[PDB]
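# Working through the structure, step by step
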Amino acid sequence: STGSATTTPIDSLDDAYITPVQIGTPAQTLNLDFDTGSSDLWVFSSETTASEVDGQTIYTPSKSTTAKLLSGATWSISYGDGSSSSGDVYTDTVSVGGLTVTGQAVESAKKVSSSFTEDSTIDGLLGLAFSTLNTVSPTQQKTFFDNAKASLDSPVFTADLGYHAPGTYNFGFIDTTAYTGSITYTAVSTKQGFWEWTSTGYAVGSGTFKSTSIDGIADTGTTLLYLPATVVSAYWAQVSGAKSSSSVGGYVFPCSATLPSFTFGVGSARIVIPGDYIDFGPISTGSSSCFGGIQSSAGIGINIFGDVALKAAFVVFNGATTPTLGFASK
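Residues numbered from 1 in each chain as written, not as in the entry; some residues may be left out. Heavy atoms only, no water. Residues with missing side-chain atoms left out of burial classes, pairs and counts.

X-ray crystallography is the method the PDB entry lists for this structure, together with a resolution of 1.4880 Å.

The PDB entry lists the protein under the name endothiapepsin, from Cryphonectria parasitica. Of the comments in the UniProt record for the protein, the one headed Sequence similarities reads "Belongs to the peptidase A1 family." (UniProt positions renumbered as here; feature names shortened; annotations may be inferred.)

Shown next, in the form of structure tokens:
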């Protein structure tokens, strides 16, 4: 089997991407944030505290003939950005782009943090990191990909995120029309539960490539590119007026600037992030100070190849017995 679903930016900045997911019988379609940095499929629901729902579409298990309460199971998660949610668990039928999993754990939110409430466009998350990170207790549950894997034509999914445009998540096949050149594959460590890999270096604009190992995670659920302070300083030093602002919470730059590209290495191959991808617009409405799309990972504890990086590539998440990651230009 295979599946193919379009993923769409939630706003004009590509702050996140939503992908329609069918849950239950008859189908209830929710727009979920596909997150390769976590492993819980959770949804706003009829059980979510009413004051914490503001425009989201909810899953109502009582209206699904295939929903079953997973007795005794609860979940609770906290994300890198300080947001959180928690609740109980159903199993139900879940389909993505024509690919169907029966008995998928659907984690129903009883509580969500303010940032989730405040984002009316995201109805929940669909985790695609390794199932070892799944928070369900006392019986840990598998991700959608993990459940689907054996049935897929090939044990892979691909992320093809657009810049200010829709893109695609495919399951079970590699669309050879979706990228240019060849796919370069690179080793993954699953030791922390993430799609963790090591970039071979970077360049700023038309500058020379610096060969240096940068360990990080391929994380579709993070907006920006978080790299070591040395790398980030080198980038923003090429932008006149750019500075790190403690009050704003990162590097800002004059909105009048033309940003240089940023290149990252994947083995001997190179992925080029155009400068425009690194502009996240005014810090506040009407400001001429703009927020940067490359930020320091210092104090995160890990480097994160988020959407800013991933949307410059066609990315293969290879879930073979020894997982690997593949990157191609497009």
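Picking up after the structure, the text goes on.
So, about the pattern of salt bridges. Under the criterion given, the structure shown has two salt bridges. One salt bridge in this structure joins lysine 311 and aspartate 14, with 2.9 Å as the shortest N-O distance. Placement of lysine 311 in the loop between α4 (307-310) and β23 (314-318) and of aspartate 14 in the loop between β1 (3-9) and β2 (17-23) is noted, with a sequence separation of 297 residues between them. In this structure, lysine 311 and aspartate 14 share a single accessibility class: buried. In this structure, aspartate 160 and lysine 330 form a salt bridge, with 2.8 Å as the shortest nitrogen-oxygen distance. Of this pair, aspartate 160 sits in strand β9 (residues 156-160) while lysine 330 is found in the segment after β24 (324-328), placing the two residues 170 residues apart along the sequence. Residue classification places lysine 330 among the partly exposed positions, given a relative accessible area of 38%. (Salt bridge = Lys/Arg side-chain N within 4 Å of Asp/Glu carboxyl O. Helix = DSSP H or I, 4+ residues; strand = E, 2+ residues; numbered from the N terminus. Buried < 20%, exposed > 50% of the residue type's maximum accessible area, 1.4 Å probe, protein only.)

To continue, consider the pairing of strand β18 (residues 269-273). Pairing of strand β17 (residues 262-266) with β18, which is carried by five bridges, proceeds in the antiparallel orientation. Bridge pairing in β18 links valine 266 to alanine 269. A loop of two residues connects β17 with β18, the two strands running antiparallel in sequence, and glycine 267 in this loop sits at a positive phi of about 50 degrees. (Pairing = 2+ DSSP bridges.)

Another aspect to go through is the sheet that holds strand β20 (residues 289-292). The sheet built from four strands is open, its strands ordered β15-β16-β20-β19 with antiparallel pairing. At either end of the open sheet lies a strand with only one pairing partner, and these are β15 (243-245) and β19 (279-282). This sheet shows a mean twist of 40 degrees between the axes of neighbouring strands, independent of strand direction. Of the pairings in the sheet, the one linking β19 to β20 comprises two bridges and is antiparallel in character. Each bridged residue has a counterpart across the sheet, and for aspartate 279 the counterpart in β20 is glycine 292. (Axes fitted to C-alpha atoms, helices over the stretch in contact; angles between N-to-C directions.)

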